[PDB]
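Have a look at the structure below before the remarks.
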Protein chains: 4
Amino acid sequence: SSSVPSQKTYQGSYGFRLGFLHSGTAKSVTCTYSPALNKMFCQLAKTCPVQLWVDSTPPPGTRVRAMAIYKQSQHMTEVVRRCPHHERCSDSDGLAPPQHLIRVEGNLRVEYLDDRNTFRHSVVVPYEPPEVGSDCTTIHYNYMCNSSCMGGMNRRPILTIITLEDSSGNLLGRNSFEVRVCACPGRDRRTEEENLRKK
Amino acid sequence: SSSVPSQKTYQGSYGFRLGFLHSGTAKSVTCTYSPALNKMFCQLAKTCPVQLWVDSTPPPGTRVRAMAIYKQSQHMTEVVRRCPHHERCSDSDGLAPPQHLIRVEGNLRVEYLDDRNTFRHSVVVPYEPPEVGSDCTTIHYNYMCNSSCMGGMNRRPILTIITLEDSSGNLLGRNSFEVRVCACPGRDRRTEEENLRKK
Amino acid sequence: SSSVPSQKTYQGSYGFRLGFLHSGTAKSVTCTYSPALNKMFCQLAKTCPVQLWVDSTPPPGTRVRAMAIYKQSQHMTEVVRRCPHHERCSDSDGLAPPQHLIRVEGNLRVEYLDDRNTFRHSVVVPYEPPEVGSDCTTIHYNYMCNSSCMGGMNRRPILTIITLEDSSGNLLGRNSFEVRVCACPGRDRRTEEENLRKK
Amino acid sequence: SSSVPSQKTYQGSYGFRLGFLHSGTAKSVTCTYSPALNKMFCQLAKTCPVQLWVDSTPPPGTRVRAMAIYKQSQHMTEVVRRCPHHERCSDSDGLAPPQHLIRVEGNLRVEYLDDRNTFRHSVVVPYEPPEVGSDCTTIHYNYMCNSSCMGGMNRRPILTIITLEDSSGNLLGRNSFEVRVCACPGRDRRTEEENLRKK
DNA sequence: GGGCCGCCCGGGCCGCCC
DNA sequence: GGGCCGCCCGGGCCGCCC
Ligand SMILES: [Zn+2]
Ligand SMILES: [Zn+2]
Ligand SMILES: [Zn+2]
Ligand SMILES: [Zn+2]
């Protein structure tokens, strides 16, 4: 079987969708999402709010998993990992393994997983329904390397795959978005959107 | 009996066909398929996505085998192997014999076979139906020598033969395409397509 | 005492001087020395010939040590080391510690030392007089990181300090030159020489 | 000490010089020497006559050694060897190790040596004075790879170093010349001589 | 917010076929 | 002897300094 997780959108029985904040485009804004590109632009280690929307509430014990894969076919097989420089940096929260690219901040029940067959990394939190009167549940992700990091992503674009799963790991829903971790998310979003409109 | 495997197209009971991505034509693109030539142009060791399409799902235990043979009659008899230089290069994935031209990346159940009678190499993975909502199953192949390699293919064109087989080795379907492994797949595809249109 | 080794030129009793080949200026030449800047421009891991000239022959047991220090006052204190990415690369010659920036190739008696007090790296070979009829002795050095390497030199210029020492470590002579390890030594030498002439 | 043998010309006590036949420049002549370049152009495995001239006769037991080194500083450290393809070719004379680039044909007392410290290859024959009435002693060398061989010389020019030595290995004399092993020695000699006269 | 170094890019330069 | 594929080449395109 393939060692590359599927990226196919699957809203599933609960109508699972992702939402992103309306952020702006100042040159070095910490995080900003492009709907035209379905692509998040963000700085290293900064908060990236991701909204979980459902049409109906999934059962208790539902989990939310985030995992990165390289976007290009030529690189899908390679596990996405932190580069050796940032791996050795003293910046662990005491829970996230230093090799993991994606973290979750502000959650008491975070789990960091290494797949036993594919060796891919992922980070898991329990699914929580929105507060009564709220439309969605917001998770704060962090990406611990720039897309450009030498010896790590090395300028290769990645996708983040968000899955809703039961406690057994069965797929309840799946969505994805592209990520660029860079120094100037506002400049780069504008550049990439202009290259899109030009072509 | 002939030691040269058949290349005859056979869609079979399950309507087996191959598909290829719409790739582009930049001078040194890593992989690009020419429908006019039914020919894949790719760089050494780079990802070559090949799509498996069926009209109906073959049974569990079905296998997908890929094998290379020289295209020209004068060379069909000779086993396709890596050249001595690349055979000795430390580029093994720990599974593929260093002599094998064709590898599969990103699959946990890959097998590398040497025919006991013909000594030809092949690489096998289990057939997997596409995800629900997907049209095909994609396999990532790698070719570990240039077509031009001295002491190996030595500028002789090859065919890749893809067979659908049951677990006993019975034939369920067969397709094939020409392969050129080269430094500049975009240049060489254009050159060969132009020579086709001129002739 | 200072943990920063002196860079002061000292020709000493034997008239110790350095010489460099007349190299050229093509964009990506592997190594080229600028007399205007007393600066070597070279590519990662490529041969850097350095000539040892003396007015008279030092005694047997003389050693030639090479050590790097950061040029700028702000960085002199920090030990010059390879970055984490290149430290983990499998490029060791079986002798050079993976942390050492400077190597010597083609010498059977090379030693790699870590100072017990300052922890600075250096590489040592025996001094050999030139062949009869030759004017100098040539050593081939290699620099195993780019000056720009993240987590290593990180765009900070270095000096290479070459010392002539007796077997006890007493100083017999000392010379030095600036080094930039970069992808395009010819481009960068021209750029820096033009900035010199303009200023 | 350096693992790179000296190439310095040393006529020595016996006035040791090399001579080469006047050959011509037909496109694919098997061997032709350029005095303007001090460079031999020859085809793979073909006879390359090399003349040994002395002003006076060296003692009995004198040996003649030929050894190849790469000409460019960047490659001097690497041992010159046959490529993996020609190494596996069944073309040994029963004496020459398949890895050795340089052979001697037509000599009953040929020795093939692998240096115990540098691992460099060489081929040795006894020195013989010319016949009475003859001016020189001619040795027939063969080069068993093209300069272009992938995984071997890989288009890097080499020097052949010819040394006169006593039975102990002491240096009595040394000369050298560049070698290009190629398919068309006449064409390539003319090309390289024209590039010389142009510049 | 303006603007200043590794790597990608298309042009074009040696064994073998004719 | 004429002439037809991997690799070298100079132009030019993302973190950090200002
Ligand atoms: Zn990083
Ligand atoms: Zn090969
Ligand atoms: Zn480095
Ligand atoms: Zn060869």
Side-chain angles (χ1 to χ4, degrees), chain A residues 25-29 41 43-44 85 145-151 153-156 180-192 195, chain B residues 25-30 41 43-44 85 145-151 153-157 180-192 195, chain C residues 25-30 41 43-44 85 145-151 153-157 180-192 195, chain D residues 25-29 41 43-44 85 145-151 153-156 180-192 195:
Chain A
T25 42
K27 169 172 184 186
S28 301
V29 59
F41 300 76
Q43 295 183 312
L44 201 160
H85 165 65
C145 278
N146 290 134
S147 292
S148 60
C149 275
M150 174 188 67
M153 289 181 287
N154 196 27
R155 309 181 301 289
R156 298 170 290 179
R180 172 185 179 91
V181 197
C182 52
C184 302
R187 162 188 77 184
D188 295 355
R189 170 175 171 195
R190 168 171 187 173
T191 294
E192 292 193 23
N195 294 343
Chain B
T25 165
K27 175 177 196 191
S28 304
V29 57
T30 61
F41 298 77
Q43 289 182 319
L44 189 164
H85 165 67
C145 271
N146 287 316
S147 292
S148 61
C149 271
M150 178 183 66
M153 285 183 290
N154 193 32
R155 303 177 311 278
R156 303 171 282 180
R180 172 187 178 88
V181 193
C182 56
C184 300
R187 170 184 69 186
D188 296 356
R189 171 183 170 188
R190 173 172 184 171
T191 295
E192 294 194 18
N195 293 344
Chain C
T25 165
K27 175 177 196 191
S28 304
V29 57
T30 61
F41 298 77
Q43 289 182 319
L44 189 164
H85 165 67
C145 271
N146 287 316
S147 292
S148 61
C149 271
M150 178 183 66
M153 285 183 290
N154 193 32
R155 303 177 311 278
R156 303 171 282 180
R180 172 187 178 88
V181 193
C182 56
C184 300
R187 170 184 69 186
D188 296 356
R189 171 183 170 188
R190 173 172 184 171
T191 295
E192 294 194 18
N195 293 344
Chain D
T25 42
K27 169 172 184 186
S28 301
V29 59
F41 300 76
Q43 295 183 312
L44 201 160
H85 165 65
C145 278
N146 290 134
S147 292
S148 60
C149 275
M150 174 188 67
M153 289 181 287
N154 196 27
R155 309 181 301 289
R156 298 170 290 179
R180 172 185 179 91
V181 197
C182 52
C184 302
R187 162 188 77 184
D188 295 355
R189 170 175 171 195
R190 168 171 187 173
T191 294
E192 292 193 23
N195 294 343

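In what follows, every chain begins at residue 1, and chains take the letters A, B, ... in the order their sequences are listed. Below, each value reflects all heavy atoms present in this structure, side chains not excepted, and no hydrogens, waters or symmetry copies.
- Between B:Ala26 and C:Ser28, the residue anchored nearer the 5' end of DNA chain E, judged by the nucleotide with its closest heavy atom, is C:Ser28.
- Evaluation of the side chain to side chain contact (heavy atoms under 4.5 Å, CB included) rule for A:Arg156 yields A:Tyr70, A:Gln72, A:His75, A:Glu78, A:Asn154 as partners, not counting sequence neighbours.
- In this view, B:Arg190 and B:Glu194 satisfy the salt bridge (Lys or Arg N to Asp or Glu O under 4.0 Å) rule, not counting sequence neighbours.
- Remark: DNA chain E takes part in the stems E:1-4 with F:15-18, E:6-13 with F:6-13, E:15-18 with F:1-4, each of 3 or more antiparallel Watson-Crick or G-U pairs, criterion distances under 3.5 Å.
- Applying the side chain to side chain contact (heavy atoms under 4.5 Å, CB included) test to A:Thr25 and every residue at least two apart in sequence or in another chain returns A:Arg189.
- Closest non-hydrogen pair, A:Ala183 versus A:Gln43, comes out as O-NE2, 3.0 Å.
- Nearest approach of C:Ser28 to C:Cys184, heavy atoms of both residues: OG-SG, 3.6 Å.
- Legend: residues meeting side chain to side chain contact (heavy atoms under 4.5 Å, CB included) with D:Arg180, ordered by chain and number and at least two apart, are D:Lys39, D:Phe41, D:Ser147, D:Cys182, D:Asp188, D:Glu192.
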Legend entry - Per-nucleotide protein contact string for nucleotides 12-18 of chain F, where B marks a base within reach and S marks sugar-phosphate only (heavy atoms under 4.0 Å, - for neither): B-BBBS-

Inset, instruction - Evaluate side-chain contact (heavy atoms from CB on, under 4.5 Å) for C:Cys149 paired with C:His85, printing each intermediate quantity in order. - result: CA-CA 9 Å; C:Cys149 271; C:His85 165 67; over 6 Å; no

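- Contact between A:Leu44 and A:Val181 at its shortest, heavy atoms only, is N-CG1, 3.5 Å.
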